[PDB]
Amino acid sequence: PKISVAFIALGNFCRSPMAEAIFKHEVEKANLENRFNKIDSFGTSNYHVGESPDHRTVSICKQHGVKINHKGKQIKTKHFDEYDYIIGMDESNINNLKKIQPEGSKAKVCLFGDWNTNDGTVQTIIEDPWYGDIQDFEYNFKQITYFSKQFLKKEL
């Protein structure tokens, strides 16, 4: 039974759209598209609804040959029954999602870094790069790619 994954953070502008794009790219590279139904990204906030992702997230993806095309969208309560995994970037994301999640809904809310090996390659928390520089977006790329592979390796 295919699985559906939603990456959800705060603004659906920096990290979540990058995570959706990189994950799709790794799924394709691994030739496992058949195991998945939906792979999306949302934000708990409506601040960037309708907007294309941060130009720095777009640049970083393009620089790595990762396709990305998205418009900001806000989480909906039904998303907890729609997706098998609802993956946050940082702890504040989890706090908010856990407070919104209807009891008994199927979605397994978790931090992407939960798939970290803790082998020193990357840190567990995917920090919001918005107030930073392109190097923070670059490090996010590295973390998301790493957790993407770990996920495909552990969940399938």
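Start at 1 with the first residue shown and count on from there.
*Asks:* For the stretches 83-91 and 115-123, which has the higher mean C-alpha B-factor as given in the deposited record?
*Replies:* Higher mean C-alpha B-factor in the PDB entry: 115-123.
*Asks:* Should the higher mean CA B-factor in the entry be assigned to 128-136 or to 7-15?
*Replies:* That would be 128-136.
*Asks:* Among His70, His55, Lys108, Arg35, where is the Cα B factor highest in this entry?
*Replies:* Answer for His70, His55, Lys108, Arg35: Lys108, with the highest C-alpha B-factor.
*Asks:* Would you mind checking where the Cα B-factor of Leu97 ranks among the modelled residues of its chain, as the lowest, middle or highest third?
*Replies:* For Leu97, whose C-alpha B-factor we compare with every modelled residue in the chain, the answer is the middle third.
*Asks:* By the record's CA B-factor, is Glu51 among the lowest, middle or highest third of residues in the chain?
*Replies:* Its C-alpha B-factor, which the entry lists for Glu51, ranks in the highest third among residues of this chain.
*Asks:* Taking the entry's C-alpha B-factors for this chain, is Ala30 in the lowest, middle or highest third?
*Replies:* CA B-factor rank for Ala30: middle third.
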